[PDB]
Amino acid sequence: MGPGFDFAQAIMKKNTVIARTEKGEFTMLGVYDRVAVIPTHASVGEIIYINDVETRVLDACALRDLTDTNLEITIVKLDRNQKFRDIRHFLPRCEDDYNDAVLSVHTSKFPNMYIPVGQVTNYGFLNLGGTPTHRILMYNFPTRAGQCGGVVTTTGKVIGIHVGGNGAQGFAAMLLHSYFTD
């Protein structure tokens with residue numbers, strides 16, 4: 001409808017796949033080469049389904065900060081025959097607040113879904129399903145089951161992936177450029 005949705009659509013059309021684990025179906029953001037991200041509570045194993053095709057996982061790393069606190073981001077390298085468009089230049093370098101964000105989801109339950117969530121706060125610490133978690137972004141939108149792994153964007157930046165909500169607020173794990181240096 002506007003330039004926020006235009007940026008979000010450009011990311012969804014080229015840089016997302018549908019990932020299925022034993023824990024459900026998730027929006028999965030491809031970042032560069034065969035490297036993608038998913039919420040850690042997806043419990044990625046040796047094998048994952050990518051757009052309903054059996055795919056070997058070459059590597060999976062559940063990120064934690066230097067105090068050994070959960071960040072809720074798992075970085076997966078997929079045994080796929082094709083690379084993602086490199087979008088690392090759209091990742092923020094530092095923790096920050098944002099205006100006018102969009103949350104975009106693409107699954108069997110929620111195809112081509114886009115939500116204008118508005119203002120995004122650097123919330124920081126969250127007890128997420130009982131797990132102390134850092135680098136959480138918060139938006140005042142009543143997000144629901146089916147949205148985990150959804151991409152949070154502003155115009156020109158990919159800032160996070162949706163990992164939970166409390167019925168009134170939604171919560172994303174930050175994406176930082178430093179997670180994806182090679």
# chains A, B, ... in the order shown; residues from 1 in each chain; ligands from 1
>>> residues_around(residues="residue 3 (chain A)", least_positions_apart="3", cutoff="10 Å", atoms="only C-alpha atoms", output="list in words")
residues 6, 7, 8, 9, 154, 155 and 156 of chain A
>>> write_last_selection(atoms="N, CA and C atoms", output="mmCIF file, in the first residue's frame")
data_model
loop_
_atom_site.group_PDB
_atom_site.id
_atom_site.type_symbol
_atom_site.label_atom_id
_atom_site.label_comp_id
_atom_site.auth_asym_id
_atom_site.auth_seq_id
_atom_site.Cartn_x
_atom_site.Cartn_y
_atom_site.Cartn_z
ATOM 1 N N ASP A 6 6.234 -2.072 0.281
ATOM 2 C CA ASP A 6 7.057 -2.314 -0.937
ATOM 3 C C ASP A 6 8.379 -3.010 -0.549
ATOM 4 N N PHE A 7 9.049 -2.515 0.464
ATOM 5 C CA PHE A 7 10.322 -3.116 0.937
ATOM 6 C C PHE A 7 10.064 -4.531 1.479
ATOM 7 N N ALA A 8 9.051 -4.680 2.332
ATOM 8 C CA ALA A 8 8.674 -5.974 2.946
ATOM 9 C C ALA A 8 8.386 -7.007 1.855
ATOM 10 N N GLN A 9 7.556 -6.642 0.871
ATOM 11 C CA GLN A 9 7.246 -7.521 -0.270
ATOM 12 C C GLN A 9 8.530 -7.955 -1.010
ATOM 13 N N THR A 154 11.706 -2.277 8.356
ATOM 14 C CA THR A 154 11.362 -0.877 8.027
ATOM 15 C C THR A 154 11.788 -0.624 6.580
ATOM 16 N N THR A 155 11.538 0.573 6.051
ATOM 17 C CA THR A 155 12.100 0.937 4.718
ATOM 18 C C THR A 155 13.628 0.830 4.807
ATOM 19 N N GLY A 156 14.178 -0.122 4.086
ATOM 20 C CA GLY A 156 15.611 -0.249 3.875
ATOM 21 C C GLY A 156 16.272 -1.073 4.951
#
>>> select_by_dssp(residues="region 4-89 of chain A", states="helix (DSSP H, G or I)", output="list in words")
residues 4, 5, 6, 7, 8, 9, 10, 11, 12, 13, 14, 15, 40, 41, 42, 88 and 89 of chain A
>>> residues_around(residues="residue 26 (chain A)", least_positions_apart="4", cutoff="8 Å", atoms="only C-alpha atoms", output="NGL selection string")
:A and (18-20 or 38 or 42 or 107 or 146-150)
>>> closest_residue(among="A:71, A:103, A:120, A:174", to="residue 133 (chain A)", atoms="only C-alpha atoms")
A:71
>>> select_by_dssp(residues="chain A", states="strand (DSSP E or B)", output="number ranges by chain")
A: 16-21, 24-33, 35-39, 47-50, 53-64, 70-78, 84, 98-105, 113-128, 131-139, 151-154, 157-165, 170-174
>>> closest_residue(among="A:95, A:59, A:54, A:33", to="residue 124 (chain A)", atoms="only C-alpha atoms")
A:95
>>> residues_around(residues="region 72-81 of chain A", least_positions_apart="2", cutoff="7 Å", atoms="only C-alpha atoms", output="PyMOL selection string")
chain A and resi 34-40+55-63+70+173
>>> write_last_selection(atoms="C-alpha atoms", output="PDB file, in the first residue's frame")
ATOM      1  CA  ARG A  34      22.690 -21.164   1.922  1.00  0.00           C
ATOM      2  CA  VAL A  35      22.448 -19.457   5.368  1.00  0.00           C
ATOM      3  CA  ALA A  36      19.017 -18.722   6.905  1.00  0.00           C
ATOM      4  CA  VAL A  37      17.514 -17.937  10.343  1.00  0.00           C
ATOM      5  CA  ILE A  38      14.604 -19.412  12.359  1.00  0.00           C
ATOM      6  CA  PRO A  39      13.401 -19.112  15.984  1.00  0.00           C
ATOM      7  CA  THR A  40      15.414 -21.461  18.308  1.00  0.00           C
ATOM      8  CA  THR A  55      16.734 -30.939   3.115  1.00  0.00           C
ATOM      9  CA  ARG A  56      19.915 -31.885   5.058  1.00  0.00           C
ATOM     10  CA  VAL A  57      21.026 -29.305   7.667  1.00  0.00           C
ATOM     11  CA  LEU A  58      24.814 -28.774   7.203  1.00  0.00           C
ATOM     12  CA  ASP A  59      25.116 -26.658  10.408  1.00  0.00           C
ATOM     13  CA  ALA A  60      22.779 -25.120  13.048  1.00  0.00           C
ATOM     14  CA  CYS A  61      23.858 -22.727  15.834  1.00  0.00           C
ATOM     15  CA  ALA A  62      21.485 -21.438  18.578  1.00  0.00           C
ATOM     16  CA  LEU A  63      22.883 -17.951  19.301  1.00  0.00           C
ATOM     17  CA  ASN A  70      19.368 -17.036  24.932  1.00  0.00           C
ATOM     18  CA  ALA A 173      14.688 -11.243  18.196  1.00  0.00           C
TER      19      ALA A 173
END
>>> residues_around(residues="residue 4 (chain A)", least_positions_apart="3", cutoff="12 Å", atoms="only C-alpha atoms", output="ChimeraX atom specification")
/A:1,7-11,99-104,114-118,152-158
>>> write_last_selection(atoms="N, CA and C atoms", output="short mmCIF file (atom, residue, chain, number, x, y, z; two decimals), in the first residue's frame")
data_model
loop_
_atom_site.label_atom_id
_atom_site.label_comp_id
_atom_site.auth_asym_id
_atom_site.auth_seq_id
_atom_site.Cartn_x
_atom_site.Cartn_y
_atom_site.Cartn_z
N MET A 1 0.83 -1.24 0.00
CA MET A 1 0.00 0.00 0.00
C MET A 1 0.85 1.27 0.00
N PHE A 7 9.05 -2.52 0.46
CA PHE A 7 10.32 -3.12 0.94
C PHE A 7 10.06 -4.53 1.48
N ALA A 8 9.05 -4.68 2.33
CA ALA A 8 8.67 -5.97 2.95
C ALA A 8 8.39 -7.01 1.86
N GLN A 9 7.56 -6.64 0.87
CA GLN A 9 7.25 -7.52 -0.27
C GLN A 9 8.53 -7.96 -1.01
N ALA A 10 9.46 -7.05 -1.26
CA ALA A 10 10.71 -7.37 -2.01
C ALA A 10 11.52 -8.42 -1.22
N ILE A 11 11.53 -8.32 0.10
CA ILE A 11 12.23 -9.32 0.98
C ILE A 11 11.47 -10.64 0.92
N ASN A 99 10.75 3.31 13.89
CA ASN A 99 9.34 3.69 13.59
C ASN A 99 8.80 2.89 12.39
N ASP A 100 7.49 2.69 12.39
CA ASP A 100 6.70 2.33 11.20
C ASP A 100 7.21 1.00 10.62
N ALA A 101 7.21 -0.06 11.42
CA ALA A 101 7.70 -1.39 10.99
C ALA A 101 6.53 -2.20 10.42
N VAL A 102 6.87 -3.20 9.62
CA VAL A 102 5.93 -4.19 9.04
C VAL A 102 6.40 -5.58 9.44
N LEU A 103 5.47 -6.44 9.86
CA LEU A 103 5.72 -7.88 10.10
C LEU A 103 5.11 -8.66 8.95
N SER A 104 5.92 -9.45 8.23
CA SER A 104 5.48 -10.23 7.05
C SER A 104 5.68 -11.74 7.28
N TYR A 114 0.87 -9.42 5.58
CA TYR A 114 1.67 -8.23 5.95
C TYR A 114 0.90 -7.46 7.03
N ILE A 115 1.55 -7.08 8.12
CA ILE A 115 0.91 -6.35 9.26
C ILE A 115 1.71 -5.10 9.57
N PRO A 116 1.12 -3.88 9.52
CA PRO A 116 1.82 -2.68 9.94
C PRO A 116 1.76 -2.63 11.48
N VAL A 117 2.89 -2.84 12.13
CA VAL A 117 2.90 -2.96 13.62
C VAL A 117 3.21 -1.63 14.27
N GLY A 118 3.67 -0.63 13.51
CA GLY A 118 3.98 0.72 14.02
C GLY A 118 5.33 0.78 14.71
N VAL A 152 10.48 -8.85 10.39
CA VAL A 152 10.24 -7.43 10.77
C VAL A 152 11.18 -6.53 9.98
N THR A 153 10.58 -5.61 9.22
CA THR A 153 11.29 -4.65 8.37
C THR A 153 10.82 -3.22 8.63
N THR A 154 11.71 -2.28 8.36
CA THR A 154 11.36 -0.88 8.03
C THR A 154 11.79 -0.62 6.58
N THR A 155 11.54 0.57 6.05
CA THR A 155 12.10 0.94 4.72
C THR A 155 13.63 0.83 4.81
N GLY A 156 14.18 -0.12 4.09
CA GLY A 156 15.61 -0.25 3.87
C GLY A 156 16.27 -1.07 4.95
N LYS A 157 15.57 -1.56 6.00
CA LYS A 157 16.25 -2.44 7.00
C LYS A 157 15.43 -3.69 7.36
N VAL A 158 16.12 -4.81 7.49
CA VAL A 158 15.57 -6.09 8.03
C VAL A 158 16.04 -6.16 9.46
#
>>> residues_around(residues="residue 137 (chain A)", least_positions_apart="3", cutoff="6 Å", atoms="only C-alpha atoms", output="list in words")
residues 121, 122, 123, 171 and 172 of chain A
>>> closest_residue(among="A:13, A:98, A:45, A:93", to="residue 178 (chain A)", atoms="only C-alpha atoms")
A:93
>>> closest_residue(among="A:50, A:175, A:161, A:94", to="residue 25 (chain A)", atoms="only C-alpha atoms")
A:50
>>> residues_around(residues="residue 16 (chain A)", least_positions_apart="2", cutoff="9 Å", atoms="only C-alpha atoms", output="PyMOL selection string")
chain A and resi 11-14+18+27-31+36+84+106+151
>>> write_last_selection(atoms="N, CA and C atoms", output="mmCIF file, in the first residue's frame")
data_model
loop_
_atom_site.group_PDB
_atom_site.id
_atom_site.type_symbol
_atom_site.label_atom_id
_atom_site.label_comp_id
_atom_site.auth_asym_id
_atom_site.auth_seq_id
_atom_site.Cartn_x
_atom_site.Cartn_y
_atom_site.Cartn_z
ATOM 1 N N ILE A 11 11.530 -8.318 0.104
ATOM 2 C CA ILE A 11 12.226 -9.316 0.980
ATOM 3 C C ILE A 11 11.467 -10.638 0.925
ATOM 4 N N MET A 12 10.138 -10.617 1.073
ATOM 5 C CA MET A 12 9.379 -11.893 1.105
ATOM 6 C C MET A 12 9.513 -12.637 -0.216
ATOM 7 N N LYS A 13 9.479 -11.917 -1.343
ATOM 8 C CA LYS A 13 9.406 -12.550 -2.689
ATOM 9 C C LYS A 13 10.706 -13.290 -3.020
ATOM 10 N N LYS A 14 11.843 -12.879 -2.472
ATOM 11 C CA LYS A 14 13.136 -13.462 -2.874
ATOM 12 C C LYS A 14 13.872 -14.127 -1.702
ATOM 13 N N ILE A 18 9.373 -21.580 3.289
ATOM 14 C CA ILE A 18 8.544 -22.193 4.348
ATOM 15 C C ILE A 18 9.394 -23.310 4.945
ATOM 16 N N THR A 27 7.885 -19.239 8.925
ATOM 17 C CA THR A 27 8.550 -18.321 7.987
ATOM 18 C C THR A 27 10.056 -18.427 8.287
ATOM 19 N N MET A 28 10.865 -18.587 7.259
ATOM 20 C CA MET A 28 12.340 -18.656 7.423
ATOM 21 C C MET A 28 12.961 -17.626 6.485
ATOM 22 N N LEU A 29 13.763 -16.732 7.045
ATOM 23 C CA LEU A 29 14.477 -15.677 6.293
ATOM 24 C C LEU A 29 15.823 -16.211 5.809
ATOM 25 N N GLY A 30 16.016 -16.252 4.489
ATOM 26 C CA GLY A 30 17.344 -16.492 3.888
ATOM 27 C C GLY A 30 18.184 -15.224 3.890
ATOM 28 N N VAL A 31 19.454 -15.278 4.313
ATOM 29 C CA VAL A 31 20.261 -14.036 4.513
ATOM 30 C C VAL A 31 21.336 -13.913 3.426
ATOM 31 N N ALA A 36 20.316 -19.285 6.533
ATOM 32 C CA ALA A 36 19.017 -18.722 6.905
ATOM 33 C C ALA A 36 18.900 -18.661 8.433
ATOM 34 N N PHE A 84 20.552 -17.809 -1.685
ATOM 35 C CA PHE A 84 19.716 -16.617 -1.441
ATOM 36 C C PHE A 84 20.427 -15.390 -2.000
ATOM 37 N N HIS A 106 4.775 -15.808 5.698
ATOM 38 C CA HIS A 106 4.365 -16.633 4.547
ATOM 39 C C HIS A 106 4.410 -18.104 4.946
ATOM 40 N N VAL A 151 9.091 -11.867 9.328
ATOM 41 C CA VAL A 151 10.191 -10.899 9.148
ATOM 42 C C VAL A 151 9.684 -9.529 9.571
#
>>> closest_residue(among="A:64, A:41, A:144, A:109", to="residue 129 (chain A)", atoms="only C-alpha atoms")
A:41
>>> atom_distance(atom1="CA of residue 96 (chain A)", atom2="CA of residue 142 (chain A)")
21.9 Å
>>> closest_residue(among="A:131, A:166, A:21, A:119", to="residue 53 (chain A)", atoms="only C-alpha atoms")
A:21
>>> atom_distance(atom1="CA of residue 110 (chain A)", atom2="CA of residue 141 (chain A)")
16.6 Å
>>> atom_distance(atom1="CA of residue 176 (chain A)", atom2="CA of residue 87 (chain A)")
11.9 Å
